[PDB]
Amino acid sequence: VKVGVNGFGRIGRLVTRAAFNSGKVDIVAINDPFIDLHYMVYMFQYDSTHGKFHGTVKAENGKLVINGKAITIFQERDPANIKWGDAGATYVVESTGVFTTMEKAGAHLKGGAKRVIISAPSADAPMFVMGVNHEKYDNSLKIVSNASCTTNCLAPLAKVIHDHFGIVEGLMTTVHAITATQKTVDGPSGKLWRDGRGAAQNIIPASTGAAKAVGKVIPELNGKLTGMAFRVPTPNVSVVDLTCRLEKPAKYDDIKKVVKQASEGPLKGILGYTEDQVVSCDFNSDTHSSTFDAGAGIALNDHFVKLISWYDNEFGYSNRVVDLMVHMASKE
């Protein structure tokens, strides 16, 4: 399926690498009014976090050419003005952070795009998490959301746990790497005042919709989970800390057994499982949505447990965006 990328950022650029790396998505157009063509070459080829592109990248005849494939480059602030159709972009990855409502994201349809995948939670577009509810997608849906990085780590763990023991209620904290929304030194950050404080210096409490959004992705959990985040001074890789109360009793070893099972079978590639003495860097460029850390968790009793799961918030999510598009493409 051919695809356009709106906003060539962390997710835009890594969705582009994941795309090249799958057989199944062809990136044909990129719009980013803040990154010109020769600058796009540089930002793609060099990556502080995930390392140099293993691949070829250049500018040629006004097009970005990756691994010999030529890509139409647009420079539009208003997505309503992007000539996607002409470019041959069937689906658009809305990865700017700034067009997340159906109405705003729907502007890509005016340039002749067929479907939009918003790389974030949406107030009103339907949200999908691969492995959890993607099969609820149907062809009527022109504008969809891939949810967040955090919702993609929480939801698969929660699916497995609810399915086997019943989640009565749960409260989630994510300890999360810094992102591009944050500031290098104490600076302005709108109505979210904590988010402006110096990102390298501080542990920063923040809001997250992800626990509530899981109750959308798994309706039986509606209103049973909420949570929060702490931003901390690492450049990538985040961890979910789920504290939950269960209906059926669950010894820790039975939780481990059932998560290992799921990681090996129907959630292979999405939910991982480890008992190794891992730290955050051990997941850098790991493509899973969620990896259970057996050693790090702790149970108070058979009904009350704290479960820990790792995620590369850039790289895992990026791969999920590709996967959703493949799934959508195959339903057309």
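Throughout, we count residues from 1 along the sequence that is shown.
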{"property": "Selected stretch [higher average CA B-factor]: 232 to 240 or 109 to 117", "result": "109 to 117"}
{"property": "Residue stretch of maximal mean CA temperature factor, 176 to 184 vs 204 to 212", "result": "204 to 212"}
{"property": "Residue with highest C-alpha B-factor in the PDB entry, from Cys149, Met102, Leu157, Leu171", "result": "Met102"}
{"property": "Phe315 - which third its CA temperature factor falls in, relative to the rest of the chain", "result": "middle"}
{"property": "Relative C-alpha B-factor of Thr56, binned into the chain's lowest, middle or highest third", "result": "middle"}
{"property": "Among modelled residues of the same chain, the CA temperature factor third for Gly97", "result": "middle"}
{"property": "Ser263 - Cα temperature factor, lowest/middle/highest third of chain", "result": "lowest"}
{"property": "For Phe74, the third of its chain into which the C-alpha B factor falls", "result": "highest"}
